[PDB]
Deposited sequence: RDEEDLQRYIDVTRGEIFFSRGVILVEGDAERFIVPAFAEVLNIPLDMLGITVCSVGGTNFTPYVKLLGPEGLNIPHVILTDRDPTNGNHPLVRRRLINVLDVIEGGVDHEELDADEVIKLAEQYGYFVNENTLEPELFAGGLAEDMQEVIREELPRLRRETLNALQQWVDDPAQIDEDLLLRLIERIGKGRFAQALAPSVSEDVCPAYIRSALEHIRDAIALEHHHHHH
């Protein structure tokens, strides 16, 4: 509904990106709402129906994709067949499919979002959210958490994501969003934000 009213669309996998990506946009001084850009969670990893809607045979709306490497090869061939149809992409290896897809604003993260943020400078703020959302954690789990903060290179990823999923991925990301800053922005998110910003700004510039 908002898609039909938007100048651009940022496609993301789930609720964590749905709230974290606009928070990074604001500290990058890229004002998504003022620019008419909507963030849309596809609720999974199937981006193809949305690329069909926004591609040249659909509404022809500038859009970007943020997705996790984890089979990302097939996921990206599925959208490249739409946005670059009908060219064969079957003979490309994964890294070739990935570097082609960046041309269309589709960007892959080599990690998953929350562990990257924990290791990449948001360790202590994520601890405070977890302890506020889960205030009766057993002492063993508190000790492991303090230990990850003291050495974000040593983290139990399964347990971290277990705690975040227990809080709720969307709820957790909203509570974390006020802490994000420009210098801890993951590269794939900065790339996607700049790509969609550039496309919308180029539209305005072409009025002369």
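Taken in order along the deposited sequence, the stretches absent from the coordinates are 1-14, 85-91, 230.
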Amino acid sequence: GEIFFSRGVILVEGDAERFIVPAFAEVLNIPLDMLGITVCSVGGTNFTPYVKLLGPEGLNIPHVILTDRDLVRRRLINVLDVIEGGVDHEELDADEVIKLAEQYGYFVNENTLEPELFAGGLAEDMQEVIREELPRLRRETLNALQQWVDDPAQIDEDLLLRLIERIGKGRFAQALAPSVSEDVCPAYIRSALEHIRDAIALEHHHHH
From here on, numbers count along this sequence of modelled residues.
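Look at the C-alpha B-factors of 73-81 and of 86-94. On average they run higher in 86-94. Just going by the entry, 27-35 versus 143-151 on mean CA temperature factor gives the higher value to 143-151.
Among all modelled residues in its chain, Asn111 ranks in the highest third by Cα B-factor. Among the modelled residues of the chain, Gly43 sits in the highest third by CA temperature factor in this PDB entry.
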